[PDB]
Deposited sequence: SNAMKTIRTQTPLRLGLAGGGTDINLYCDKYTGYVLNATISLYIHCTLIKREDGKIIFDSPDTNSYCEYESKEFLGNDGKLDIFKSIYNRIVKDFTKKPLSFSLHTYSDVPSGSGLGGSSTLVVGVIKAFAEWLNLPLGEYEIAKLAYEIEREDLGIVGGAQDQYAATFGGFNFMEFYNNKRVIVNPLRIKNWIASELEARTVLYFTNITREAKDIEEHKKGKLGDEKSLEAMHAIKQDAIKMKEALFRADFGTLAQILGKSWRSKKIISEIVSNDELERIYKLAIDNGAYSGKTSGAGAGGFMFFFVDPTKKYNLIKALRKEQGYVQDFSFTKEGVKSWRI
């Protein structure tokens, strides 16, 4: 039937829906913030193929990067796909203890610099390919953690492994922070129609153009959003999501969207050439999209996904 020497993984990107931060500790319990994100149907795809010629190949055509090295236990940096070397180097140090021969191929559904957690989604996607291929004893949590440490070695990170949790666990996740280091992830069960209604009121547009009283009400905003989520209260949810969102080329298109129905708008990234996310009445969604198609950027349809990284062998 199948040769079974090929592994593939598919890892979704995510949208920050809301968030509050108090990097400065003050609460009686050391609460430093919250984020509500949700994975969407835009992915990073990886394919890993076993080889037998003692070669290692890293192929990432969406970044115009291709590498071929001789198989060995440690790959030194050469400024090309160094993130792949760190991952490989770690897998060998911690689990296999010997070199491997294979080809790794990857691409993203969105151009580089989109701000949907692409760097972490990739790392997670690639680690899962190795884990599935090598039968490594690593649960979803251990994967997100390993992804965080690898990213930490090559660059500095704040907010803990939140992006890695989104990519690994998927769905809507409500994250609570303590001492700007500890992260408590609440993977939420959201009724399907809630996601469906949110999708019906949403437009995602890529632009293609690369105080203290507020801080102290953050915890209560969180309780209110969570409360609105389990009650499936859209009035409130829409009321607080719109709030959480309260000169450039971005401001012109924001104006253009509101003049065509959008009642709320938000950017993120890389807050410039990334994307704009709008809320609109579904009976107005089509006209809005038609207007935006006329501009420089493009509208990207998507749905919220229920799961995180998946993998399979063929």
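Unmodelled regions of the deposited chain, listed from N- to C-terminal end, are 211-228, 265-274.
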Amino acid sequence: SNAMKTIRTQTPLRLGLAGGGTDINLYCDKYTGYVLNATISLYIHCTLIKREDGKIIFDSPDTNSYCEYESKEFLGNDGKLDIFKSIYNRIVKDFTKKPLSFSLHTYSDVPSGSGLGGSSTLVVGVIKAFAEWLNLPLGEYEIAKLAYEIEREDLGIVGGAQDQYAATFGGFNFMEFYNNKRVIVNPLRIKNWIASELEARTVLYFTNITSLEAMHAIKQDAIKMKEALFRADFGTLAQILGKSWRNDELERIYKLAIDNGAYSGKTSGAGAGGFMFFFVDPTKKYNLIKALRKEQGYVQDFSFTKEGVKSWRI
From here on, numbers count along this sequence of modelled residues.
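Taking the PDB entry as given, 265-273 carries the higher mean Cα B factor of the two stretches 281-289 and 265-273. In this entry, 132-140 has the higher mean Cα B-factor, the comparison being between 132-140 and 164-172.
Per the deposited coordinates, the residue with the largest Cα temperature factor out of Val299, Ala18, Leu13, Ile24 is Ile24.
When the C-alpha B factors of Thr96, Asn179, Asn89, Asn77 are read from the deposited coordinates, the top value falls at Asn179. For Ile44, the recorded CA temperature factor ranks within the lowest third of the chain's modelled residues. The deposited CA B-factor of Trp245 belongs to the highest third of values across its chain.
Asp221 sits in the highest third of its chain by CA B factor, as recorded in the PDB entry. Among the modelled residues of its chain, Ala38 has a C-alpha B-factor that falls in the lowest third according to the deposited record. In this PDB entry, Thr63 carries a Cα temperature factor that places it within the middle third of its chain's modelled residues.
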